[PDB]
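Chains as they are written, first to last, in the entry's author numbering: chain p, 38 to 61, 70 to 83, 95 to 163; chain M, 10 to 53, 84 to 296; chain 6, 327 to 380; chain F, 45 to 104; chain g, 38 to 166.
The beta carbon of each residue, even a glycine, is placed where N, CA and C say it ideally should be.
Written out below as structure tokens is the structure these notes cover.
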Ligand SMILES: [Mg+2]
């Protein structure tokens, strides 16, 4: 191959490995997500707050207290919002709304 | 199909029959006469030019070309691929920028690719990485992009291969940051960005190095090399199917910029 | 009440929502003008949607 | 003997083959020797005399 | 300075193409973006539809005269009046009024006043051929 004078072998002189391209909180198995155009839509995510092992007991109590309106009759906390419907903008401020609720219940 | 035999029911269609289609041209009225004419037609933006333009590539249409087979995923997805099958066209003129990804609706999109566009959304980066894509953003300078995009003619132009210059100062900080998943940034800073995006996308970032086309995915294009498979300064002898490359030391030095 | 619904009435007990009307949402134009970033995100839903296609 | 000159490009199934006799100028009284075909796009499209007059104008 | 070279495989992938071929097989139907192959064998309906050079269902809009929106299927073949009657019948529940449609018998086309486009593409798709 050919290497530039300003090539990445020098432009990123420290990192010569391939794996540093993409090498590496909210659980993926526990929650359930939903999106459906209802034009209009409403995109929601629900999870059993009683079965929430990812939340501390005082944090779970604070979630069950503050988001008691979000706690369903089946004890499932759900959250729905409104911007646009697909992969990256619609599911994960639903996830991040859950995460921010957890963070606010922490303190 | 009664058409051909119904035509066979006449004499030979000679030159005496080729009638203009009724409604071909409205009648050429000489502006006169008792009805049409008695008097005959008289009676008794400051920086719009310095604004950049980047062709927005509909990535749903990229999925179409993936499905329609215009651009196969077996090799890298470059501007060579982006133009070569006529899925979306570029215009070198009008002081343009180049190819940049679009931003709507990545539902039902199952393929593996390695996208190299000038710009894209963070949602587009997560869109590529959701099935595990590769996203890189260098520049494509005006003469450089024009040479790159329609590679057929410059392959027979006769001058030696130019090398792509770096982006201008305004475009420099764009490529300098890995948060754009670009080309001119730190190759280790990209990993924390991928993790943060996978958190922000709620995405399970697979270990793409374990995949079969990981080496195919390992191709991240060298700067100042428009041709993905060829050497800087080269000459495509398209008649003899040869590659004419220089060997002179100062020529190699000015070539190795 | 639920006990009478299940045993005596022999039917599933209904539950009512008491839901208010939703926002009208303002008119969508071509450009947001002087408004903040919230103008372009009104009339769909929500939180993780994305770009053209994977 | 026989000869069957089919079309090289695969004509679609939405029409049958477009066949006719195959001739030659060799026999002064011996024609109709062999028969072949062509795609519908070759000799069996729509009649479309208007296109032909367009061809006439672009010629003349 | 000069040196003859034989590595033109990189030249080969650089050669853009012209003659567009039929698509590679996506296993499920419809495609990821929802493209489709035409069904085989074609149906025994005297209305006959060909597809595009770039291989889609041949339906198009039509814009003129400021408010004039209409649509047309272009490459019709066969007894096109049957396709017109069918389009009116499908349109019959769609808007109630009788279909304002005209064929182009020499041009072998059908056109319906108004844009009923995506549903018409659906009707042709459900026809399969
Ligand atoms: Mg029109």
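Can residue i be considered in contact with ligand 1, in the sense that its beta carbon sits closer than 7 Å to one or more heavy atoms?
i: residue 98 (chain g); result: yes
i: residue 101 (chain g); result: yes
Quick one, are the C-beta atoms of residue i and residue j less than 8 Å apart?
i: residue 96 (chain M); j: residue 130 (chain M); result: no
i: residue 154 (chain p); j: residue 130 (chain p); result: no
i: residue 258 (chain M); j: residue 112 (chain M); result: no
i: residue 147 (chain M); j: residue 170 (chain M); result: no
i: residue 42 (chain g); j: residue 284 (chain M); result: yes
i: residue 131 (chain g); j: residue 156 (chain g); result: yes
i: residue 53 (chain F); j: residue 63 (chain F); result: no
i: residue 373 (chain 6); j: residue 99 (chain p); result: yes
i: residue 106 (chain M); j: residue 102 (chain g); result: no
For chain M, find out if any of its Cβ atoms is closer than 8 Å to the Cβ of residue i; answer yes or no.
i: residue 160 (chain p); result: no
i: residue 50 (chain g); result: yes
i: residue 97 (chain F); result: yes
i: residue 42 (chain g); result: yes
i: residue 380 (chain 6); result: yes
i: residue 82 (chain F); result: no
i: residue 377 (chain 6); result: yes
i: residue 57 (chain p); result: yes
i: residue 85 (chain F); result: no
i: residue 64 (chain F); result: no
Using a Cβ-Cβ distance cut-off of 8 Å, determine whether residue i contacts chain F.
i: residue 136 (chain g); result: no
i: residue 289 (chain M); result: no
i: residue 13 (chain M); result: yes
i: residue 80 (chain g); result: no
Got a sec? Which residues, its chain only, sit under 7 Å from residue i by beta carbon, not counting five neighbours each side?
i: residue 97 (chain g); result: 108, 109 and 111
i: residue 111 (chain p); result: 119 and 158
i: residue 219 (chain M); result: 176 and 213
i: residue 94 (chain g); result: 88, 158, 161 and 162
i: residue 162 (chain p); result: 115
i: residue 127 (chain g); result: 160
Quick one: is residue i near chain p, going by C-beta distance under 8 Å?
i: residue 233 (chain M); result: yes
i: residue 243 (chain M); result: yes
Tell me which same chain residues have a C-beta within less than 6 Å of the C-beta of residue i, skipping the five on either side of it?
i: residue 121 (chain M); result: 138
i: residue 19 (chain M); result: none
i: residue 279 (chain M); result: none
Please tell me whether residue i has its Cβ less than 8 Å away from any Cβ of chain 6.
i: residue 102 (chain p); result: no
i: residue 84 (chain M); result: no
i: residue 237 (chain M); result: no
Check the DSSP bridge columns for residue i and list the partner residues they point to.
i: residue 102 (chain p); result: 77 (chain p) and 134 (chain p)
i: residue 107 (chain g); result: 99 (chain g) and 150 (chain g)
i: residue 138 (chain g); result: 149 (chain g)
i: residue 155 (chain M); result: 175 (chain M)
i: residue 283 (chain M); result: 274 (chain M)
i: residue 114 (chain g); result: 85 (chain g)
i: residue 94 (chain M); result: 138 (chain M)
i: residue 82 (chain p); result: 97 (chain p)
i: residue 116 (chain M); result: 154 (chain M)
i: residue 65 (chain F); result: 79 (chain F)
i: residue 127 (chain p); result: 133 (chain p)
Hey, is residue i's beta-carbon within less than 8 Å of any beta-carbon in chain g?
i: residue 99 (chain M); result: yes
i: residue 128 (chain M); result: no
i: residue 90 (chain F); result: yes
i: residue 108 (chain M); result: yes
Apart from the five residues on each side of it in sequence, which residues of its chain come closer than 8 Å, Cβ to Cβ, to residue i?
i: residue 229 (chain M); result: 217 and 220
i: residue 296 (chain M); result: 202 and 263
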